[PDB]
Structures are given as structure tokens and as C-alpha cells.
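Here is the structure we will look at.
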Amino acid sequence: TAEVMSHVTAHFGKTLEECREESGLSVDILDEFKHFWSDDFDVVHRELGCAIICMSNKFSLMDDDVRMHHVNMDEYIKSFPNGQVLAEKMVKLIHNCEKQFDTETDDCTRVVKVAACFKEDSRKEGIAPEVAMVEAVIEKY
Ligand SMILES: CCC/C=C\C=C\CCCCCCCCCO
Ligand SMILES: [Mg+2]
């Protein structure tokens, strides 16, 4: 659900700053990872694709070929409150996007294209949070 995705996003986003330099991702492109979900944030930059690889690697969410590791992703998602309601759909949805971009061999570019597809399909399927839901989790600390 969108509520569960708010919790996943809020945690996953903590590795933005440590990944920023190696990804070449300007603060001007993305200042805080929660804005990935803004209606009018365009998910396009190769650097954001590099960042997402870097951030995923932190939680072993990539397989040897820089695609989603399905098992590790499922285990990560279920580590959040009610995570089991989202885990099957989210993997299925991401993997469907990956198949559509399998002919992009540049890893950063492939991953940003996959991210954009995942964002758009997440809205269609009802698992996209609003920024405010993401902030509400972050703000509990
Ligand atoms: C992905 C788990 C963190 C939650 C929200 C973050 C979304 C931004 C990344 C888009 C999809 C990432 C999945 C890796 C794509 C593999 O090709
Ligand atoms: Mg490769």
C-alpha cells in the first residue's frame, strides 16, 4: 500500500547523502529523496540512476547484474510494519519495469528508466505515497 511505501521510502532515502558524490548527483537535481514521489518531480537523470544503485547496494537489493534481487527486496519490504501486504506486488511491479528496459545496458541509465516506470506504475496500482506521508514517518524521530 501507499502507507507501507511511505515507510520503505523514508528508510531507503537515508543513504542519499553518503551516495551523492560517487553518483555525481547534484543537490540541484534532488535535495531529499522523499521528493522522488512529488507529482512534478521528473525521474530522468542518469546520476539519480547511479545514486539508486548506490543506495540499493547498501541493503543488498541488487543482484550480480544490477537488477533487483527479488528475495532480498522481499525481505527488506517485510522488515517494515505490514510490509507483507506490499512485498509481492512491489517485486512484480519492479520486475515488469526491468523487462521493458532490458536492452539498456548502461546500469545507471537502465535503473533511472526503471525507477520512472516503477513510479508511474506505483500510482496506477495505488502504492505511491504522497511526500507528506513520507515526511510523517521521518518526523517521528
Ligand atoms: C526500492 C525500495 C525503496 C523504495 C522507494 C524507492 C524508489 C526509488 C527506486 C526505484 C525502484 C528501485 C528498484 C531497483 C530497480 C532495479 O532495476
Ligand atoms: Mg551489465
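Because the Cβ atoms are built from the backbone with ideal geometry, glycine has one as well, and the counts that use them run over all protein chains shown. FYI, it's all coordinate maths here, none of it is from the lab.
The table for this structure:
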item	result
Within the stretch 17-65, tally of residues that are in contact with an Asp or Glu (Cβ under 8 Å, 6 or more places away or on another chain), over 27 Å from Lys78 (Cα atoms) and among the hydrophobic types (A, V, I, L, M, F, W, C)	2
Selection count, the stretch 120-137, where residues are buried (at least 17 other Cβ atoms within 10 Å of the Cβ) and within 20 Å of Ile29 (Cβ to Cβ)	2
Residue check, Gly24 closer than 14 Å to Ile127 by Cβ, more than 16 Å from ligand 2 (Cβ to nearest atom) and over 14 Å from the mean Cα position of the chain (by Cα)	no
Residue tally, condition farther than 23 Å from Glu130 by Cα and over 12 Å from the mean Cα position of the chain (by Cα), over the stretch 63-85	10
Among the residues listed as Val85, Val71, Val43, the single one being within 24 Å of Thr1 (Cβ to Cβ) and outside any helix (DSSP H, G or I)	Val43
Some residue of the stretch 60-83 being of a type in the set (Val, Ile, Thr) and in contact with a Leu (Cβ under 7 Å, 6 or more places away or on another chain)	yes
Single residue of the stretch 1-34 satisfying the filter (acidic (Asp, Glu) and under 23 Å from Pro129 (Cα atoms)) that is surrounded by the fewest Cβ atoms within 10 Å (Cβ to Cβ)	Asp28
Among (1) within 13 Å of the chain's Cα centre (by Cα); (2) assigned to a loop (DSSP other than H, G, I, E, B), the one test that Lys113 misses	(2)
Long-range neighbours under 6 Å by Cβ, at least six apart or interchain, first residue closer than 23 Å to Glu139 by Cα within the stretch 11-40, second among the β-branched types (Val, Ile, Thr) and assigned to a helix (DSSP H, G or I)	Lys34/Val131; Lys34/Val134; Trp37/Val131; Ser38/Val131
Hits in the stretch 18-28 - residues which are of a type in the set (A, V, I, L, M, F, W, C), in a loop (DSSP other than H, G, I, E, B) and more than 11 Å from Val112 (Cβ to Cβ)	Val27
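Let's see how each residue does on (1) over 17 Å from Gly49 (Cα atoms); (2) within 15 Å of ligand 2 (Cβ to nearest atom):
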| residue | (1), (2) |
| --- | --- |
| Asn96 | yes, no |
| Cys108 | no, yes |
| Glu120 | no, no |
| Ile127 | yes, no |
| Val137 | yes, no |
